[PDB]
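First to last, the sequence lines map onto chains A and B. Quick note on this note's numbering: the first sequence kicks off at 1 and runs consecutively. Quick note on this note's numbering: the second sequence kicks off at 654 and runs consecutively. Note that CB positions come from ideal geometry on N, CA and C, so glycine has one too.
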Amino acid sequence: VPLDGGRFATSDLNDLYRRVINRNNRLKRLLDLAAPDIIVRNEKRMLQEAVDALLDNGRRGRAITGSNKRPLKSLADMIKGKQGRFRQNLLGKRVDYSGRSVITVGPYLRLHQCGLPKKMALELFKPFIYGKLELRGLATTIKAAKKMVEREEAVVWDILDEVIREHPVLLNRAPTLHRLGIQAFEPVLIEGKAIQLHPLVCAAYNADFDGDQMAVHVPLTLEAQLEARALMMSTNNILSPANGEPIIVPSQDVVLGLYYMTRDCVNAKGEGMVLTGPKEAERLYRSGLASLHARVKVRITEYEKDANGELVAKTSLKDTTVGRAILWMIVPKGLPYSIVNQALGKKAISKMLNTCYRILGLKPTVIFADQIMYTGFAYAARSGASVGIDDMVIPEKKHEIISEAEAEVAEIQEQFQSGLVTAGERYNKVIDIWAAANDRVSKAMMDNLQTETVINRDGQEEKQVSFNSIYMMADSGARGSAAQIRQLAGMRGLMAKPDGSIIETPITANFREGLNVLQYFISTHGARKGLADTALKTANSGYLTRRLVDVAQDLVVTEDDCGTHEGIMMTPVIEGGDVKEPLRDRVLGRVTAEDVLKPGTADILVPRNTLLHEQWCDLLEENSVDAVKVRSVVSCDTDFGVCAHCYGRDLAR
Amino acid sequence: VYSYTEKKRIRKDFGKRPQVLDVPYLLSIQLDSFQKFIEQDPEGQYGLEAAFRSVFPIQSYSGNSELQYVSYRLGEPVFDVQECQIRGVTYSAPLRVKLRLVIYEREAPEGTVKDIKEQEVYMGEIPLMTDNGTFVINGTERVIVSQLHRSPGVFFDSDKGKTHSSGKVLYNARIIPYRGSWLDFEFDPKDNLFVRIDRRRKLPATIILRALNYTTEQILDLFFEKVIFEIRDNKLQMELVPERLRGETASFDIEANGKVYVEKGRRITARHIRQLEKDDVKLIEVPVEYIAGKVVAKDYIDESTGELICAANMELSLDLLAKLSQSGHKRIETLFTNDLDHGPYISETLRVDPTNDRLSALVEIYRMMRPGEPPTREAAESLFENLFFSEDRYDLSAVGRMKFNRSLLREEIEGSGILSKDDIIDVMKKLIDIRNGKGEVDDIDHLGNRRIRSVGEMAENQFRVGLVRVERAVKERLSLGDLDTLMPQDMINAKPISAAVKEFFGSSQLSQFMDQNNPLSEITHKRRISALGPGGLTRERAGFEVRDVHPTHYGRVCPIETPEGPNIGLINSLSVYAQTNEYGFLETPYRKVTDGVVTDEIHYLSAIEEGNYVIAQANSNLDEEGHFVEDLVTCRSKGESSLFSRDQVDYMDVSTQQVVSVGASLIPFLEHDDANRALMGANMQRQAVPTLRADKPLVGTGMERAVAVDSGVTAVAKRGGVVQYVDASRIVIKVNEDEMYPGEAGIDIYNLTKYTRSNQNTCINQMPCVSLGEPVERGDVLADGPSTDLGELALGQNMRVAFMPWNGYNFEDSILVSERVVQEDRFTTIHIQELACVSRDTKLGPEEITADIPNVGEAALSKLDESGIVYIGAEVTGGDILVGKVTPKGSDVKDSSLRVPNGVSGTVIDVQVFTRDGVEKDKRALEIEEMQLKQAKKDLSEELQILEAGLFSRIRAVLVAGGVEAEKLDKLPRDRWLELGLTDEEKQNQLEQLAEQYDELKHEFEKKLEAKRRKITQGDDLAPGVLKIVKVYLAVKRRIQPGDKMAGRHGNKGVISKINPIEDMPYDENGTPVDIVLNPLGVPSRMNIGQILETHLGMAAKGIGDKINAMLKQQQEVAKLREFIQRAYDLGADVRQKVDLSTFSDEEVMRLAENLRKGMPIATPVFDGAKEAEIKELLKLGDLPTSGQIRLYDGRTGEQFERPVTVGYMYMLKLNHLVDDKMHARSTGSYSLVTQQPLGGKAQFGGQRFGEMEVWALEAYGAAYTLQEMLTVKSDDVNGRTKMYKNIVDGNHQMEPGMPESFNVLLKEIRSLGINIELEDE
RNA sequence: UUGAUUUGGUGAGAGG
DNA sequence: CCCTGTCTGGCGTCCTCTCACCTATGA
DNA sequence: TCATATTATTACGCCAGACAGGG
Ligand SMILES: [Mg+2]
Ligand SMILES: [Zn+2]
């Protein structure tokens, strides 16, 4: 094909074939003319090298080249490599009915639906709109319909809302690593040009909103719409397939809204008043007569389902707060009140959704995940939880700790001038006292943040955990840890030079005080190493996933029982410290090999082919069972696949 | 004192440390390099003169003619820079070289030549540099980026661990020339010394010694010291200097002088060495088992029999001693091979060597270098004597000889460019010393070992390539030269020099397209130091340590401005104060510290000098004399930051900006940010689009002025003075007399570049910021460019930001924006698109430019003329027609008429047409010809008249010393004026002098206007080939919308999520809504706490601005304003600014206070910024709460947010990642040729690549049918997709799959080998 | 039967 | 003949966007 | 325009896999 101009941009294979044919014509003419031996040996040798260069170029000595010094691409180089036919056109293809744009939040969504712009919706659904327009009778030929949607008249938007309605789409973030990076939603049309994506689902995609882009794909046929609704819908992916942990965990704003809501303070409006239900708890919060955290006896009615599928009501007075009753208005029936009675950080809300999924199933857990997200966003908005310059409280003891460390390094260097100690022991003593002073500065600031609030109630003072903003952002587990809040208030440790060894003079200034020049330069050593490590680590991570899915590639659950009695011996793992990973983490949802004897004497505690779900694992933990002989995939007797028992639990089902 | 645009709005400058050295001109690398390349510099160094003095005089091989050189020159460019960018030509200059051919007779080395000839011949055109550091290569504006490469000269590298798999270190030594062959020496784990040349095969290294006419005895004289065994009374005693016994085991009985010194068994200590030196012990009698392992040094022959006893480098046995003892060689020289220190590496290499003499050494080297083709005496000797020893093909430069003498601890630094014998022998000796223990290796990241190439050096190397090709051509033509019938252009050819230099300036890895969307981005793409390029490392291979920051980067390379991704730390950006050394290294300023008193003299150092000295820190407290106020101060000695005494230091850092670059020293509160977020902040700050209304960062660093001036986007005044201000077209500046030349009366007319295309489709536009009749000084700014506000640097705009969660709309990093941001057009940026249309003659006749557009009805003829091409300016969108450009015989006629792309709108701002000499439609082409024709003459006379008016007045003005008669001077009006004779009196020649001016003015205006018409009267100017050349410039105006990307200066990225109404915003109790709500949860994790101090200090800045706006709106007489302005400019600790405010004439207070009513601008410098107590104290001067936090109500519910929130002003930028350049969708359109799958991209209307990991993700589910349509029907299978489109539009969602086409393409490509791949049974 | 060329390939820069 | 340096081949992350630049010869 | 047919740089880092050398 010619490019834009008047010349033909010719392929490399035409150069290869044209040279082989030029040389072959020369060799036929020389064998006509009866040239001597050395001429036809060079001629046949040039033909041999020409054919060998056509088939696999460059496997012989230095590869031939046309323009300019770059070698030209042969047939084997049309097959092999990252850009051959397998990895570039047969395993991955470019795809019609597909789109791509920048994502944004839209928190009004339910977690089975996503926002999708009107312009992308009218472009991706052109044939469905054509079929709908031809069914009504508005137009006749196909051309008329293409002019109608090229003009975008007033009647095609009703056609578009009637082709969207129950038709899922596959949203896909561009580095898809696991299967939760392709999820199917239902579109809700957006005035705009940005895909609105429900926030909880973001923790599955590893999608923040700093400029990310996602692709939309349309399931055309009817089996694909049913696969998008029944396998790939976003309500169906609420557990990560790598383990048992929920992947629709509430990420960052909503845990701050909950941690500010369900908490307490030793005096507020409406301290110690009594309330006849959670409805008037929210009515007292809204009218302006109590506070969101003010401890209060309420009367709640928790439904415990202690019978066989029957929900029994028990109503009682819990000494709780106002916010815990307001959050109890959203909890479904079966969960007990003690799931909200605590302070609800991030681990606690994750196990709240996990206990809701284990007890009440899927549909209350989907609707309760949405109600969690809505009430977290609403009371985080009502919280006004800012961040200031005064929130990072400097320890008053920090300067005396630094001067005591400076006196200690002065003593060690005065011994170094008089030669009493060795150089390695000097370096070790300096790193040890700066580690000790760093830990003391961190404990000073951590006391000064975790219990700084001291407010009286009806008399003398009484202390409590603080409502400092950076401390709630750390204690809630929203964003922040001990180390980051340590570096914003206490000293930021002993940064290390790229030699791998540590630097004996630390960075005694945090970020609220100013770093001077040398301290920031040592900091840049420590951070440039981290950016280089991530930007080169990602290649090995991706190539590891490729090698793993191409060694796996074949193995499909293809039976129901291999009919064996062999399986590996799951014990808890112990390195030499305290018992690291308990047996309930290793033998959860894996089918036992032989029947586990109860630890007393010769009892059939569990039978020999039972899946060990949570109830069986609790009856294992009560009896303190030593180790379980359980069925493993490597002991499966199935030819060409893995039987259904030797795999185990479904992990997301 | 201040200049007059400095008194407009003087920024409140925090900063305690007095700066001693002002910031150098930020584009000096590019400009000094290219000014070195083109300059007439006698003594030859460096430049084009070095190239001509290397290549000339050319003499042929005794051809008795010798073309020599005289002088070169560069004429005027035929195209000035603007019309050069418009037309598409290079911005070049013709290189006029004088060449003098002299031709000899027979037998004239000394004889006078028989004939000469000389002419100013023309070779190439070299591209000149624009005054801002850019080129214009083919219409587009490109930048050569300075390379960072390994210096020429020896490097002793180790590779300690990875080879041999045994923990044994190697030690190699590379002699890197600037031009020529690479010579490396290297150990191997058998402890033998090996040479290799140009990474070829491995030769044992002493063969190169045997190639330098060294016998074995001379080599053993060099690398070993002699131990003397004297044949004596018994057992052949030994001379023993006691140094040689250091650290070894006494094998025998050590006794002398009748006294037993050291017995057998104990090791020899240094006290025993002191005993032997005190006892004067040299000669001791050895056993016969001591010599039975040693090695002879030189040769010995049996004298009477006349044959050889032993060759040099032979180990000794007892019968060999019985051979040599009985002959009569009394002295025996042995090689001291210490296992600890003095190893026998050369000797064992000589045992590996298969050669014996010089000739076989050269034959083996020639068989290494060029294999197959035979090794004869002449050929191998010419090879080895031109490998390193001729001035042509091997040349360590001055840098290389300096590094080569410095790494060998030589005294001198200047020497010859080639190597010698002694240099190779010294490199081998230093390598052996490093193996022995003494001396150490070099590291490669050390910036004293790392040179910078720049524009002049790279263009000079390419020009030298072109000159050696043209001298091989001149040697070709001259031996075939017949005389005298040629003159020097049948010999010389302008083609290879121009070809090579356009090859470099067009298609190189460093001549690259300028990131031009921002004044910052221009000025920080020109200051870039790339590790990549030719001769340097690559992106996808190396490494870990060259991507990492080394302690010699302090003040030479920015530590924090490097792009994240595949090339981190290869694309380093240069620091603020760092110049370039004479040799090309990076030297940075320091303040010389003789004693306690830190002197204000500066002195530049590089990293091979910074290690020796002790260099202080920039911020160490010194008071009123330069004495360090402490008795101990943090310094750094040899790359190690440590605490030293008060009086030991020799240098101090100049200023505290000097570590970082001009991208990341514009970030205020840098010292409070994390390093990662400062990196992301600087890299995004390069990417900002210029807004429609430029707006002055309230929290800046004061480096905005230097960046906005030094990047040439503003019209800085050349000569000071007043103003005439026609300005609609140009600023006209009358020049004050002191800066004004005696002749050339002269007033400066500045050209404002109005709305035009940048390289990133943004809009570069200049607007005058001076009024009419207003004084300006030299160096002052006159016209504000893109993203500038009164000479400062305004990338983004400053907006009222609340930190709070607001109903989830700012969840991860999103940003929630009011409607007051989008109503005011305060981010509504202007983009410009160039669209070309050509009507090339592909085939079947030429294409045509006519409105008579076919099939398509009166929906073609609309935004055009009555008969062709888009008219001028309307609101064109997508699917319109701009240039009717369609052929007949291409019913069978078609629609190639360049239209408007899908999704864009805009206004046609400009239409250019230098089309195929004929474009005129009706008669428009010649219609405008007369318009410009009459235009030229008008201005030509006008300008003359303008000067005439000034001259006429000047005539009368001077008419006083030679006729002041006012009533006798107003005779003729436009006729004559002076009808008197001044003669002398006090020299007023001045009348006669001015008479010549007007006389010459009219006389030159005619000629000036004569060429004007000549130039005017023309078809048009462009190249050939291309026929119809119509370029149409749209200008879309994009506002802001849900999906764009905004960011501050600290790394806080955001995709603006909801564009709220004004009512729903969080308003404080005063009533004002907040503009933009960010999210506080980003701040504890991303530890960029500097955005909060910018928020509080910007809140205080607008607090002062609101206070001045009240004092000036509710208008007060200027005493209260000058008192409040004086309080605002004093404010707090000891600073540098204070102000001299009572000298502002009672009006410059008011104009300042008119320019401060939007907020008082505050300079918070980089590491010496504003402390927190001064932020609180400034928040107390304004009436704002001290905590920085205001209680805010909610616009929805009207009720207070608990726990008061932070509101302030952050300077937020709009990055050029706009959402309606990313939105794309595809149902069905065009595909590729080879494959049946859809095309890729957006400009091609193509679909999404459903890659490999998405296929694995669908396999991970049970999506077997979704994947089947995802790779068969939607993508590739042609029968499947046509049946599917018809099945969809019938109302039948069902796929008829078939087989993909690209798999049959795979079958034919595999089958086109000798491979029979098939498809089996049904 | 009612219309047309980038993918090809290199180099440089950018986003997640 | 079993260890052994040494040499040769074969890997090295996905998705996207913008721009420019493309063989010499020649009676 | 229409056939003629290929030369004067080096500077990754493992990690298997095959090969001549020698105790
Ligand atoms: Mg991101
Ligand atoms: Zn099995």
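- With a minimum length of 3 residues, the unbroken runs of beta strand (DSSP E) contained wholly in the region 120-187 of chain A fall at 169-173.
- The beta carbon of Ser386(A) is closer than 8 Å to those of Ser469 in its chain, skipping five residues each way along the sequence.
- Distances from the alpha-carbon of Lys1684(B) to those of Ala1676(B), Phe1567(B), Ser1290(B) and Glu1573(B) put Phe1567(B) closest.
- With a cutoff of 8 Å on beta-carbon distance, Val102(A) and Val1872(B) are scored as near each other.
- Excluding sequence positions up to five before and after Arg263(A), its CB lies within less than 6 Å of the CB of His293 and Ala343, all in the same chain and listed in chain order.
- The closest heavy atom of ligand 2 lies 7 Å or more from the beta carbon of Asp650(A).
- In this structure, the beta-carbon distance from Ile1693(B) to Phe1480(B) falls below 8 Å.
- The C-beta separation of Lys629(A) from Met569(A) comes to about 5 Å, placing the pair in contact by the 8 Å criterion.
- Secondary structure note for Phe1903(B): its beta strand (DSSP E) is the uninterrupted segment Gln1901 to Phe1903.
- With 5 Å as the limit between CB and the heavy atoms of ligand 1, the residues that fall short of it are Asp208(A) and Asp210(A).
- Residue state for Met1337(B) is assigned as helix, using DSSP reduced to three classes.
- In the same chain as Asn1762(B), and ignoring 5 residues on each side of it, the C-beta atoms closer than 7 Å to its own belong to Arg1810, in chain order.
- Separation of the CB atoms of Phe1903(B) and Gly92(A) is rounded to 6 Å, and the pair is thereby assigned contact status at 8 Å.
- Within the region 392-405 of chain A, no residue has its Cβ closer than 7 Å to any Cβ of chain B.
- Counting only runs of 4+ residues, the alpha helix (DSSP H) found wholly inside the region 984-1041 of chain B occupies 998-1005, 1011-1022 and 1030-1038, in chain order.
- Its chain contains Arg1192 as the residues whose beta carbon lies nearer than 6 Å to that of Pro1219(B), once the 5 sequence neighbours on both sides are disregarded; these appear in chain order.
- In its chain, beyond the 5 residues on either side, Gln1641, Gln1643, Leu1644 and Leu1647 have a beta carbon closer than 8 Å to the beta carbon of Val1611(B).
- Assignment of beta strand (DSSP E) within the region 1326-1391 of chain B, counting only whole runs of 3 or more residues, yields 1383-1387 in chain order.
- Counting along the chain, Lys1148(B) sits inside the alpha helix (DSSP H) bounded by residues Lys1148 to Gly1159.
- In the three-state scheme derived from DSSP, where H, G and I count as helix and E and B as strand, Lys537(A) is classed as helix.
- One Cα belongs to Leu1886(B), the other to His1946(B), and the distance between them is close to 28 Å.
- In the displayed model, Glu245(A) falls within coil according to three-state DSSP, outside both helix and strand.
- Beta-carbon to beta-carbon, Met1699(B) and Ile1709(B) are separated by about 6 Å, close enough to satisfy the 8 Å threshold.
- A distance of 8 Å or more separates the beta carbons of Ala1455(B) and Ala1368(B).
- Under the Cβ criterion of 8 Å, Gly334(A) is not counted among the residues facing chain B.
- Rounded to the nearest whole angstrom, the C-alpha separation of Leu1680(B) and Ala1589(B) is 28 Å.
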